[PDB]
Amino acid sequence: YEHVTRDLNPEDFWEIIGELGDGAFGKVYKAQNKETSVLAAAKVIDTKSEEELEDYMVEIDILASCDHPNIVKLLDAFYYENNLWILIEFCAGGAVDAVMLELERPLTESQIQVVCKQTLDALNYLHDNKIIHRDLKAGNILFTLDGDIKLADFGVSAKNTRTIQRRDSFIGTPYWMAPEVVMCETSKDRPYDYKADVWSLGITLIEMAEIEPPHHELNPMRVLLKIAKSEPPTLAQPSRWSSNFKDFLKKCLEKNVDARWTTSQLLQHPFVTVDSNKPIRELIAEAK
């Protein structure tokens, strides 16, 4: 594959130092490059077969093809002895949700504004490049040593670039072509499907304000129904938060998809008019 190395042992290049996490696709390791000492998160995924490699390729391609300050970069990928190894630039601060559980408190508003401003830069880049993240949450937002964030986990992301390029491809005179296809207003080019990330952004903000996401107290079987039935969630103790926080949430957490703001529109919102990460440097300093 374009970005996956064959026939070489990943541990002749990368040394495992310890375990970072552990989830549904196995354990994630802290790796260190044996030549350069560069640190990595190493995902090691058991594959029963080779056809399974196709299930992980969109993620690899997104990581390898993205070049943004607030998206994690691909350092290496190996297929060796029935495992896919994915090495990702290391974010020394860990995930936002892991910090809140360690400090046993939510983020402050000024801290949320920084994460939000940078997270939004990442999403805007993704959407501009026809990528939908599809699993935005506090656990997939990582803190760097310098108090910045990077967005991670493209395991269920969609990349519409090849399908856009394929569908625009025609030959001969297209007398029969629908005007929305003529006008490049097919679903691949309209905001509609990308706006699902905007809603998840809103939920992540409440998750950062309150440690846990809305409906965390329900039987998990009820959560999808609850989202369907309910008005959009709001902050539980609204006096604690600014009008700008509350107003930003309402542009995100809007069930009418046409009325929900794009990442482009949200970048002009005063809640993200910040340019210093000092509140996050203070937070990650207390966690270190």
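Quick note: we count residues from 1 along the sequence shown, nothing fancier. Throughout, rigid core stands for the largest set of C-alpha atoms superposing within 1.5 Å between the two forms.
Taking 274 to 282 and 5 to 13 in turn, the stretch whose Cα atoms are more displaced from the shown form in 5 other deposited structures of this protein following rigid core superposition is 5 to 13. Farther on average from this form in 5 other deposited structures of this protein lies stretch 43 to 51, the comparison being between 230 to 238 and 43 to 51 by RMS Cα distance after core superposition.
Gaps at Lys130 occur in none of the other compared entries of the protein that contain both adjacent residues, all of which model it rather than a third dropping it. Compared with other entries of the same protein, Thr144 falls outside the group left without coordinates by a third of them; all model it where both flanks are modelled.
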